[PDB]
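J.: Below: the sequence, then the experimentally determined structure.
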Amino acid sequence: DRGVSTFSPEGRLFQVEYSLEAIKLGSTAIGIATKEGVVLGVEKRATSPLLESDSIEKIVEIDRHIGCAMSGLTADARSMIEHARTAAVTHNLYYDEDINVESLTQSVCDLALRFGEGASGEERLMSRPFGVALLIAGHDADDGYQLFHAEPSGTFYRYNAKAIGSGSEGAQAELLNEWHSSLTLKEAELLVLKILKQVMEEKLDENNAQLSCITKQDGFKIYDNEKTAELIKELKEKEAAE
Amino acid sequence: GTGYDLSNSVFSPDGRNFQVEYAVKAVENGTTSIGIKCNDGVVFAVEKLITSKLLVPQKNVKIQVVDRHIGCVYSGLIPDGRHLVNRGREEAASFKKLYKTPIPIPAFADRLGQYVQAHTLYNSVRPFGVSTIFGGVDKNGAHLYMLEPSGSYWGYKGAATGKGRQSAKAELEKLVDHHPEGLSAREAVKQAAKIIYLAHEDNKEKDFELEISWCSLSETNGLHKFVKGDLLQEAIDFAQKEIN
Amino acid sequence: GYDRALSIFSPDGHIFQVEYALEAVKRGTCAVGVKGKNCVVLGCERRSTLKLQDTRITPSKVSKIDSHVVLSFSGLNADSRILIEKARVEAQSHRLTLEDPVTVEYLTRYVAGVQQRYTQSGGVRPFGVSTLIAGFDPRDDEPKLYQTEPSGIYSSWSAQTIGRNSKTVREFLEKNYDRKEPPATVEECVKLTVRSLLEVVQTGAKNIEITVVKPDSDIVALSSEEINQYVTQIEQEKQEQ
Amino acid sequence: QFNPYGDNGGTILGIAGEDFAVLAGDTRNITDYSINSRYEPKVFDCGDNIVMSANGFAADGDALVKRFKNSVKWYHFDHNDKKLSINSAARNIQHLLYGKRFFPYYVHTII
Amino acid sequence: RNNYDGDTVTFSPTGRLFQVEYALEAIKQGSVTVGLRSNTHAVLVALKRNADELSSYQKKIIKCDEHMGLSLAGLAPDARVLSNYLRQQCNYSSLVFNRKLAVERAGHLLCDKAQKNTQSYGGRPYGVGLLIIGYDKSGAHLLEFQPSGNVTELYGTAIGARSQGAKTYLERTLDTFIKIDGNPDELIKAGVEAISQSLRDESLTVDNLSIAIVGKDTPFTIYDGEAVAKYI
Amino acid sequence: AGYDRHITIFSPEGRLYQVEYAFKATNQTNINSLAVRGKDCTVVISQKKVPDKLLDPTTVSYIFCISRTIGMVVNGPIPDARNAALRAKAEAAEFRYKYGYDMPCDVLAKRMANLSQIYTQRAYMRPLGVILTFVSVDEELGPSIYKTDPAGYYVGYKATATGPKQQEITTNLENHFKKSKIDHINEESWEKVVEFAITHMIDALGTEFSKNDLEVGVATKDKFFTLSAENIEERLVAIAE
Amino acid sequence: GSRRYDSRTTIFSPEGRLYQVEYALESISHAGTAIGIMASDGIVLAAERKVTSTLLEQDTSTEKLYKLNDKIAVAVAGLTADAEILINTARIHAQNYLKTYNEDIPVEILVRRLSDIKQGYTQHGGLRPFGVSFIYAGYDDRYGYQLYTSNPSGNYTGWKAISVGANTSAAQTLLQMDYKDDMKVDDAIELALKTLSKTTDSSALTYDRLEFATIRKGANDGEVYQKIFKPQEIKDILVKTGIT
Amino acid sequence: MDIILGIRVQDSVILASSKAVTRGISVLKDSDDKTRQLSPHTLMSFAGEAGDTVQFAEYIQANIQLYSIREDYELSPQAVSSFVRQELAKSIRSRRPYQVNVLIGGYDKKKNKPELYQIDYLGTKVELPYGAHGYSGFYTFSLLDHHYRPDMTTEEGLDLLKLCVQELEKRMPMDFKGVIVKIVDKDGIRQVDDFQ
Amino acid sequence: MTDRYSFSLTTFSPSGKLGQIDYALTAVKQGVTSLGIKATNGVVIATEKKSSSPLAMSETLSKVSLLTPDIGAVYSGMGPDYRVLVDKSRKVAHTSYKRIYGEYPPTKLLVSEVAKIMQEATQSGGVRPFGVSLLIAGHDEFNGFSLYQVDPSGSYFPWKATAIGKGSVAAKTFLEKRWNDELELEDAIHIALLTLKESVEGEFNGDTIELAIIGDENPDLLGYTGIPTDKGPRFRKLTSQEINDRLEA
């Protein structure tokens, strides 16, 4: 038929475009960036009640000051995460310092579009684009706390808050209302919980959504169930009020 | 059946290779360009369509030199011309390295020909979207060559390709009859500038800039040089005179 | 150098070669595993296409990877062999370079990665296989069970099943596994496994295979008789109704 | 046999004051008993407030100074013009140098 | 319906290359950017487009050496590859020859780079448009790069969404912006004025405005945020 | 379906259509050539069609000097003719370097035949649309004519002809040898052999020629040369008794 | 480009089956029938030559029965040439094992290697599978007598009795009826011939259309003999059963 | 030189390995175990060039352990030793040969026989009642040639070894800090808890 | 350059046929008839030297080729595919046999080797099967005389006598009722001469017919003397005068 790297008549990459479709099919992940830090949440979305909910890992640590959230075909994200980890560490080996969040993200994105069937130059070795997207959260000393959306188009954008996956637009619209420049971190937490509860198929609880944050002080922590469960309760009471 | 025109290597049932012929269309859709073998050299000229006033004049050069003694001009897809000239350059360097002498014009044509021909052998490449007019001076005299996307080339008394080829062609035909002695290099220059103006009618809608070069034993010592300044102006003037 | 992209996206965002690989799994003989309080059992189903089959030399459905971890599959057979070799080698290499045997999760994550790579590489098709990987960590008493799909996704399971009519057995399982009271003995666990399998395979105690993993490399495959006694006991407990 | 190394003399010196730093070198370049030049400086400004001297075999010392200046520029490209910190510069030079662990730069480097 | 656009290796019976033409279209979708030059300077001005009011504006200006840089309209990762390859040839020029690379020369390099991707199977053409400015040994320079591999030197131009408004402006004020030598703050205002002929319909914020300047007394420098408030 | 038409695989009738369409191409130039053997010479006549008056007629040829001893005439489009020409020159010089003697006319035909055969069997090479007639006065064989085609065939001939009017020319010649009952032109001089060759070309195309309508190669013991129009003119006049 | 002509030989059908393997199995269904039966004191291999003329040579011919070891034979159903490529490979593997370990290769290990190769052709490299099924007969000291089957999918199984090629449903049903664990080699020989007698797509079973081999223990305990039957032997044993 | 000794008695194989590790002028360790277990019933002792010995040993262990799981079979001692012999014969002609000497001691559970194999760094393998690498033979072979009986108990074989180590401890310039003794029989592999 | 056909050009159809092999086989059927016969003390292979134009040269048309001084081959089908196959065949007899054991391969082994080359063309990426069938006749010391047929599939079989190409079915039937296992070489030549007659449409003489024998050792054809252990080639191509001479029967 046609190439895996061909243009549509509207000047779009078919395979890239079709990959964004697989992504909207994925579990929801949201990030909000405050000045006290950055928060990331994901909808675990378990297939069967026999599945161990702990074994679902959609928020991963890249370096001590960089966290990741994923949505899409999550098997595709394993090697991207590996390359991101290798990159932040290699950079530290070469320069005795933390890699900038921007630069790390730029390095992951380079990894995309590296697909095809013999594109004359070097080696575009990969049959298809990645079918997963990342929210890359981080801090550095030059640009403070930061949130990034990394698509399979090798493109990346900095958001102040951003949702991806099933009901991003739903979530995104809700974010566009609730986000202001002076959000506390504890606010941003409840906010992520709220917006997840709206768009999640199941009812929200510590067992089917997971929360994390990256703070300058402590770096990247993923919250435990007891910790998260308590923030669910915090919101339930908040929401029973005019 | 059909579909013989979809891959770059397929013979159609009348021994043809349609992808080469479609390439020829890319050529035909292009700017006019000509060559004139004078009596001790050659002259090259090409029509630079001025799309707008924003285009910086005198720049955006199109004629290219290969080594020091060969001029190349082409019509069609310009990046394809450039690619071809890069190859010509490595192929001329390679010749001079082994053999010391600058590459003789016919040998250089065969090098270009076998390369172009070679892109009509496989379906993993596309043919060349250009026709090239090239040549210059060696130890056997002046030589003018034209080369199509099929890899076909021959030696010409005069040559033309692009949108206005037939104006130029018929026009060039005149001089062949009228001067069996040949032209002055000096004469062929002005004579070339007229022909671009003539063959411009097929593109008369848009504005244009003329570009000439020449390679002549008495006039440039065997080296391909551009015509610029008070001789370019003189030949432009000579072209305006034969019109209105 | 065949590098044609066989696994690509289609406009709905599906990868059809990975999905057709799942179909190959549904076709394969059912497989199940359930986690005891201090064991894991693997139950599989014997093919009943033909007999005159030599039983002592036909490849069993459960494979030891290291001495403390087993893998069972569902789907293409020839495909599963390749996956098994790769992991057995990684089990050794991991021990050679880190002086520890693989954790069950590590090995799962390894196999998963291999499959994933085949969904994204020129000239190869994904694996027509889905796997259950079970055992105990080195120096650990807590049981481990993981499943793997042709897309390269893996996760942990209190109990789980794959292949033909796995959808049925999964239903039985979610209506029979109290996560707060796992079959706190080898017997209770081996029993619950047969109960699930048997209600899809039909009477054949020759159509069922069982393997039991206990802590510290205690791995034992049972003879039909041990299984036949397990069949017979629930025919009766049912025929008491 | 061919000897890929030579010695061009020179001495350099670097001192750290508590809010400043100096790096000095003579300007004579020699070979054996001959003076090649009375003025051929070997202490360089490489931007980002970093001065660097690679003294020993002059070809190697030149080559190394070129590579580092060029790695400052690429650092800038690759990290939105972040200033190269002196400690990062030093660690980067380690890697530059160690790249030729089995065909070394015949120089002693101070920044 | 048409069978001549599944790869870049196929001529239509008209003599066209649809895959190249499609990539051309990717550019026009990309947000507008404008280039112009006097004799002492060359300015890039680019309208970076966001996705959300929650998002950032895509950097459209890339620095290639100290005397050269470019603006991108189109598929971004392709401007990365292309610009990065330009940083390399600029570098090679300086390392091996101690010679700042001619702006013309970089233009030819881009053309030959892009051409290769339009004659060989399995490749795709570049889906990005680039405008390149620089000050070299022959003054200020502006270049327009197309993924077909067509590069032109021009006093001014624009590429992208509603590019034609700015481009028309430039065509008429040409006698006036080329004669503004030795005054860059005004060559910027003239550049910003041309880019306002392509707004439909938004106001230039500080967040979406991106100017780049390079000239006789100035190395390629990119102005963003507060630094551009001055021209609003 | 419709693909055994595009690449050199078999049709269900056992044919290679791509080869046939390549044979089709040999005639695209509308030129006729013929070759004939003297006692100690070998002649090739070919038509010379210059249509544009803007062309340099010295550069328009389909006769190639391959080595000092071997002449080659091509029927087909010039760029394939030149591709074959270069490869035969390369091959004939290599052969000399490796084996210490001049590459014989027939050996070179066989070698080019095998190269042609390769394109009929590999899908990525197209056949070349040419027929190659090789002539020489070989030191072991004598006057020699060997011909190759896009199928990969190679054959020696007493005499031969190629192009659109080839059957006319072949029948013409056949008749003469049938009459004379020898496999060659019993003539001591190559001039009178090229004259026979011209005559039988004129008497079968039903056209007359000037000096610029023809091309002539002669092969002698250790030399192959092409004639000037001025010498062609000389035989042309002599032809008109 | 060339992507068009690509049959895509290693893709899954929407039901998750492999076209070429499925189709290859079909090919094998048209091939001469071959049978393996394992007795308590041996293995029998019997096979029907698909083609025969009266001019064909009987003794000088092989198409069904091949030695791999001095301990392992195969019976072939399918593309003869595709089988020899796979046979030679297996023969080399067994020697590799012997050179490494100074022990003869256990039958299964040889069988697994060979199935793994077939398996590869169905997962990468864009090539057609081998159009071959193999019945394996052999002895090792870990499991004694063994009987294996392998097919184009790269799948293998162990058997007491098994058939490949044409009319396997008929043959399987027949062996299933008369097979007993306590069978001796003389019994299995007869059961094999008689199963072939009732599945032949041809009128009567003669010696010259049959190939025969047996793997025994013989007179000397410890050694195993491979007997590949001569035409006259096959003929004689045909007489000693209720045939001819 | 490092001490590598072995003797196979009636129904068991005994391996004795020196415990010293010396880097130039210091004895860095006195508690070194110069053996790897290959199978439950196969032990390999090794001595030679510093890095090569353990790298080789562990490489061989991995390969035997992988074979074992792949087949659920424990390869025979003769087979294990043919594998090792080929691995050294490959390396002797490689770019940097492993300079390692080995004894293989194993109980062939199939034949109920102890077997002992001696192989040097260059692939020379031989099967022996008793063997030693390096200088170790020069002191002890006159002792074994004398006292060795094919029908010795393990106790007798342990005594014969005790003699050998004494001869070594008195005539050898180097202090090898004693030996570790290991037995491979039908019940597998055990280390003599106290020797000398 | 850039050979991108790494995928196979012969696939299995759903019926289970290998199309390209069937088609190749078909191209053989339409080829000129050639035949072989095994006698007690020799082999003969024969074919028609069908001249296109009578301007073409008869000798130049070889269809009968020495492979080994004791092995000959002939074919039906696409002649260029054959010429190529002959040269691979001769080279392989040296490369995988003469240069290793110091003697020429036995006839069956050389055959299985040609078979190998052919099989690969039915499976390797980017190629079509060969459009030929060969009959190959030889004598080695341990198998004596033998005659094989090799097809584009890679399959081969030994024959007492056979034929391929156009008139194969008639020829095979005629051969079947004239072959006994007590023919001298000379008899089998005569029979081959008969069987060819039917298939040869037109002129039938020593210049339109090609014939080879794999027979006795010709120490007259050795080229050297002095090593009694080295006898002549057993292969001999008959002369037109030889054929014509016994055409009087």
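T.: Alright, I've got the coordinates. Numbers count the residues shown, from 1 in each chain, chains lettered A, B, ... in the order given.
J.: so how many other residues sit close to residue F:167?
T.: The local packing of residue F:167 (other C-beta atoms under 10 Å in any protein chain shown) involves 12 other residues. To be clear about C-beta, it is placed using only N, CA and C from the backbone, and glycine gets the same treatment.
J.: now swap in the one 10 residues further on and tell me
T.: Residue F:177 has 17 neighbouring residues, counting by other C-beta under 10 Å.
J.: Now the helix or strand harbouring it: buried residues?
T.: Assigned by DSSP states H and E, residue F:177 belongs to helix F:166-180. Of the residues in helix F:166-180, F:166, F:168, F:169, F:170, F:172, F:173, F:177 count as buried by neighbour count, 16 or more other C-beta atoms under 10 Å in any protein chain shown.
J.: what about the residue of chain E at minimum distance from chain I, how many neighbours?
T.: Of all residues in chain E, the one sitting closest to chain I is residue E:121 (7.3 Å; C-beta to the nearest C-beta). Using other C-beta under 10 Å, residue E:121 has 24 neighbouring residues.
J.: Tell me who's in contact with it.
T.: Shown in contact with residue E:121 (C-beta atoms under 8 Å, 6 or more residues apart in numbering or on different chains): A:118, B:123, B:124, B:125, E:7, E:8, E:9, G:1, G:2, I:2, I:4.
J.: which strand is the longest one in chain A?
T.: Counting by DSSP state E, the longest strand found in chain A is strand A:132-140.
J.: wait, does the helix or strand just after it contact chain D?
T.: Next along the chain after strand A:132-140, taking DSSP H and E as the criterion, comes strand A:144-150. No - judged by C-beta under 8 Å from any C-beta of the partner chain, strand A:144-150 stays clear of chain D, getting no closer than 12.0 Å.
J.: Please export the alpha-carbon coordinates of strand A:144-150; PDB is fine.
T.: Output in PDB follows, covering the C-alpha atoms of strand A:144-150 (Å, rounded to 0.1, in the frame of the first residue of the first chain):
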ATOM      1  CA  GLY A 144      11.600  26.300  38.500                       C
ATOM      2  CA  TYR A 145       8.800  23.700  38.500                       C
ATOM      3  CA  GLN A 146       7.700  22.500  35.000                       C
ATOM      4  CA  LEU A 147       5.200  20.300  33.200                       C
ATOM      5  CA  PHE A 148       5.600  18.900  29.600                       C
ATOM      6  CA  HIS A 149       3.400  16.900  27.200                       C
ATOM      7  CA  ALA A 150       5.500  14.700  25.000                       C
END
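J.: May I see the buried residues of it?
T.: Buried, per 16+ other C-beta under 10 Å, within strand A:144-150: A:145, A:146, A:147, A:148, A:149, A:150.
J.: cool, stretch H:89-102 as well?
T.: Buried-residue list, stretch H:89-102, by 16+ other C-beta under 10 Å: H:91, H:97, H:98, H:99, H:100, H:101, H:102.
J.: The second one touches residue H:91, doesn't it?
T.: Yes - distance between residue H:97 and residue H:91: 4.9 Å, which falls inside the contact criterion (C-beta atoms under 8 Å).
J.: what's the overlap in contacts for those two?
T.: residue H:121.
J.: Filtering the buried residues of helix F:166-180 by proximity to chain H, which remain?
T.: Okay, of the buried residues of helix F:166-180, nothing touches chain H (C-beta under 8 Å from any C-beta).
J.: Save the residues you listed as CSV, and put in distance to chain D too.
T.: Below are those laid out as CSV (distance: C-beta to the nearest C-beta, whole Å):
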residue, distance to chain D
F:166, 68
F:168, 74
F:169, 70
F:170, 70
F:172, 74
F:173, 71
F:177, 73
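J.: how about the strands of chain I, start to end?
T.: With DSSP E as the criterion, chain I has strands spanning I:34-39, I:42-48, I:65-68, I:71-77, I:132-140, I:144-150, I:156-158, I:161-164, I:209-214, I:235-237.
J.: wait, I meant chain D
T.: D:12-16, D:21-25, D:29-31, D:34-37, D:43-45, D:51-56, D:107-110.
J.: For chain I, what's its nearest residue on chain A.
T.: For chain A, C-beta to the nearest C-beta, closest residue to chain I: residue A:118, 7.5 Å.
J.: Could you do chain H as well?
T.: residue H:93 (22.2 Å).
J.: what about the residue in chain I that chain H sits nearest to, how many neighbours?
T.: Chain H sits closest to residue I:100 of chain I, with a gap of 22.2 Å, by C-beta to the nearest C-beta. Around residue I:100 there are 10 other residues, counting by other C-beta under 10 Å.
J.: and it, what does it touch?
T.: Going by C-beta under 8 Å, 6+ apart, residue I:100 touches no other residue.
J.: could you point out which element follows the top helix by length along chain B?
T.: In chain B, assigned by DSSP state H, the helix with the most residues is helix B:78-99. As assigned by DSSP H and E, the chain's next helix or strand after helix B:78-99 is helix B:105-118.
J.: Say whether chain F is contacted by that next one.
T.: Yes - contact of helix B:105-118 with chain F (C-beta under 8 Å from any C-beta) involves B:106, B:110, B:113, B:114, B:116, B:117, B:118.
J.: Would you format those as JSON lines with distance to residue E:199 and neighbour count included?
T.: Converted to JSON lines, these look like this (distance: C-beta to C-beta, whole Å; neighbours: other C-beta atoms under 10 Å in any protein chain shown):
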{"residue": "B:106", "distance to residue E:199": "59", "neighbour count": "16"}
{"residue": "B:110", "distance to residue E:199": "57", "neighbour count": "17"}
{"residue": "B:113", "distance to residue E:199": "53", "neighbour count": "23"}
{"residue": "B:114", "distance to residue E:199": "54", "neighbour count": "17"}
{"residue": "B:116", "distance to residue E:199": "48", "neighbour count": "25"}
{"residue": "B:117", "distance to residue E:199": "52", "neighbour count": "27"}
{"residue": "B:118", "distance to residue E:199": "50", "neighbour count": "14"}
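J.: mind putting those residues in a markdown table, distance to chain E included?
T.: A markdown table is the format used below for the residues of helix B:105-118 next to chain F (distance: C-beta to the nearest C-beta, whole Å):
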| residue | distance to chain E |
| --- | --- |
| B:106 | 26 |
| B:110 | 21 |
| B:113 | 18 |
| B:114 | 17 |
| B:116 | 12 |
| B:117 | 15 |
| B:118 | 12 |
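J.: quick revisit: distance to residue F:233 for the buried residues of helix F:166-180 - can I get that in a markdown table?
T.: Putting the buried residues of helix F:166-180 into a markdown table (distance: C-beta to C-beta, whole Å) gives the following:
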| residue | distance to residue F:233 |
| --- | --- |
| F:166 | 26 |
| F:168 | 25 |
| F:169 | 23 |
| F:170 | 27 |
| F:172 | 24 |
| F:173 | 24 |
| F:177 | 28 |
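J.: Run a quick neighbour tally on residue G:134.
T.: Residue G:134 - counted by other C-beta under 10 Å - has 28 other residues nearby.
J.: Tabulate the CA atom coordinates of whichever strand or helix holds it in PDB.
T.: Residue G:134 is part of strand G:132-140 when elements are defined by DSSP H and E. Extracted C-alpha coordinates of strand G:132-140, given in PDB (Å, rounded to 0.1, in the frame of the first residue of the first chain):
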ATOM      1  CA  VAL G 132       7.600 -30.100   4.900                       C
ATOM      2  CA  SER G 133       6.400 -32.300   7.800                       C
ATOM      3  CA  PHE G 134       8.700 -34.600   9.600                       C
ATOM      4  CA  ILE G 135       8.200 -37.900  11.400                       C
ATOM      5  CA  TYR G 136      11.300 -38.600  13.600                       C
ATOM      6  CA  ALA G 137      12.400 -42.000  14.700                       C
ATOM      7  CA  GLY G 138      15.200 -42.400  17.300                       C
ATOM      8  CA  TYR G 139      16.900 -43.800  20.400                       C
ATOM      9  CA  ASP G 140      18.800 -42.100  23.200                       C
END
